[PDB]
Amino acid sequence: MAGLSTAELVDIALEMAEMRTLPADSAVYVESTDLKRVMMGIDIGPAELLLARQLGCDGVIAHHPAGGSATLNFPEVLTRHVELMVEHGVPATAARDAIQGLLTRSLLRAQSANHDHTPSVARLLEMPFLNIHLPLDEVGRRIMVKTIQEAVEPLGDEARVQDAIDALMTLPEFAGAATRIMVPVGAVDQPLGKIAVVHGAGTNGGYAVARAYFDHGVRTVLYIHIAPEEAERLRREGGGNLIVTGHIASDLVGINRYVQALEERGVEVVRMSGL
C-alpha cells in the first residue's frame, strides 16, 4: 500500500465528519505526497517535531491548532455554538448574544499569537505537519450524542444526570480514562431534562453559553472542560446541571475513530501526547 498524502489524511477526516472542507481551526503547515508512518499527538509544538525526527517519522498529525491559519482563524469556528444552541431551541438572538464575550476575546488572542512559531520549526526540519481539530471533535460529538440518546430516550422524564454519565461510561475512552467525569454544577441525582452535548464548537462555551441553555429549556449542558472560575459562577447560580467529561478522554473519542481509519489505509500511527 502506497503512503498517503496530507490531502488524503485531511479527506479521511472530512469524510467521517461529513464536512465538505477543512474548518478554520485546522491546517496543513507542511505538505507531503507519501506518509507511511506518522506520529500523532493532541499537543504538538517544536519539541514534539524534534521528537518525530529522532524517531524517523514521515510526518506529524496534531489535534490542537499549532499556529498558522489554524491559530489565526480559530475564532471563525465559534459560530458552531450558535448552531448547537438553536438546534436545542435557544432563540438565535439569545444564542448569538451568549457567544459575543468568547468571540471578542478569541479575536484578540488570535491577533496576539506567534502564528508562525511551530510551522517555522516544521519547515526548517522539513517535517510534514498538519492539525485536524473541529472534524474529529464533530465525530466525537455525534458518538457522544448517539450514546446518551439511546440510553436516556427510553427513560423519558425519569432520566437523571447519572444516566447520561452511565451512557458515556460505556465508551472505552471514558471507561479507561485516568480522569473522571465530573458534575461541577447540579448533581448526579438531578433530573436530566433536555441535554446539550457542547463539543465540536472549537472550545467549551464557558459560563454564558451554559447560562443561555439553562434559561431556554436545556437543563443539562455537557462540556469537555470548563475554566474553574466559570464552573464556580454557574454552580453558585444553579438552574441546571453541568457535566464536564475530561479534555483528553473526550478528544480521544473522535481521534480514535480517525487513527483506526488511517491504520486501515495502511498508515502506521505512533501514539503520544494523550493517544
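Numbers for residues come from their place in the sequence shown, where the first is 1.
Mean CA temperature factor is higher for 263-271 when stretches 263-271 and 250-258 are set side by side in the entry. Per-stretch averaging of Cα B factors for 74-82 and 155-163 places 155-163 on top.
For the set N114, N131, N204, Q149, the PDB entry puts the maximum C-alpha B factor at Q149. You'll see in the entry that, of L124, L108, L136, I181, the Cα B factor peaks at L124. Among the modelled residues of its chain, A95 has a C-alpha B-factor that falls in the highest third, as given in the PDB entry.
In the PDB entry, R142 places in the middle third of its chain by CA B-factor. The PDB entry assigns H225 a C-alpha temperature factor belonging to the lowest third of its chain's modelled residues. For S26, the recorded CA B-factor ranks within the lowest third of the chain. Only modelled residues enter the ranking. The deposited CA B-factor of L171 belongs to the lowest third of values across its chain.
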